[PDB]
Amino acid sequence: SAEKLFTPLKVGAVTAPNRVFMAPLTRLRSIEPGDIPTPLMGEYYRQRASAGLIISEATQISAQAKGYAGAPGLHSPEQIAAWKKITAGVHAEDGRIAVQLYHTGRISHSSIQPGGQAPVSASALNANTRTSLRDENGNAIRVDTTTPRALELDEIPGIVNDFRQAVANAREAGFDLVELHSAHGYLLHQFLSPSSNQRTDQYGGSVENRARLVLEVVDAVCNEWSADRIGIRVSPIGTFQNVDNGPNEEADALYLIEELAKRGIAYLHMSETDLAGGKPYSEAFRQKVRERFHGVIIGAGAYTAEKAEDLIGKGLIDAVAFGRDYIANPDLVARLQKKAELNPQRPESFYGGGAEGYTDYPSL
């Protein structure tokens, strides 16, 4: 009964009524062709609209940005039109929704790239992981990633412009905020990490060079919309989908966070550990982050409500994003508030398929 989870929080331009956020969750149920959000997706999001803030599944900024069969995009008219329905449905329920925008870079497969060609990255190094394709029956299948081509220097302004344009499209589509996906070994993170970035131009080497692209993107989208509409997800300590953060991860993380603070953006979303686990954040490191960033800090990664209360109470974070508990509990806020039991998770239906394991987890 004590409790800060159920108190309001100003998040840039909007106000969440509680601190229980829905983490971005790739579910691979979009229509192909066209990578189009669906009415079923609308329903799923509408069921969860009691969240303080919903953060959408990763959404491609361009066709080249596509990594997964069934992931949606936000570049085409049909995508914009479908997303508008989805956000209206969330708003119909007095919810708020951020779109997570990404470019997958090297976590992709030639068969879903334009012209069937190699995906792009900082450097020509395979991700050494799998993405998800669809088979002949439309079912999700995990397949090894295709080796990428290194971006040419003269292609980089295009990538920045695709982010900027996607953010314009997000504003039109009715999202409340945008979250740039600079985590989890996707394109922005592929530049940030020395493991994935062997460039010798101004986009690789030093931490200032490795953070250049993400900071260009931040600046571009701040300019396009408003800094109080922009959040960012980072995963800068540990290893995430085979991408570590190099041999100076803490100092490099703090450099990036100082840079982001200067832009006055709505929020910093920290993905603390990979689904396969990692070492917990020290409170010392939490305090170093806190003093470097003056907006909202969202924590994520196998959180319990207790851990969330403990850390908000300590003044170290403002909110928590829950992932898998959100898949299985559309009314998670109510269940956490009432200390109800949660629905059991069905991980076999996290990716692909239809309504089963998607919209069929009941509320109280």
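Quick note: we count residues from 1 along the sequence shown, nothing fancier.
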Mean C-alpha B-factor comparison - 191-199 and 133-141, higher one: 133-141
Higher-B stretch (mean Cα B-factor, as the entry records it), 336-344 or 15-23: 336-344
Top Cα B factor in the deposited entry, candidates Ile86, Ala284, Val234, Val221: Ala284
Peak C-alpha temperature factor (PDB record), options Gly95, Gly73, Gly277, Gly105: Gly277
Entry-reported Cα temperature factor of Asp325, expressed as the chain third it lands in: lowest
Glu152, C-alpha B-factor rank within chain (lowest, middle or highest third): highest
Ranked C-alpha temperature factor of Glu306 among modelled chain residues, by third: highest
CA B-factor ranking of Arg263, expressed as a third of its chain: middle
Ranked against its chain, the third holding the CA B-factor of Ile297: lowest
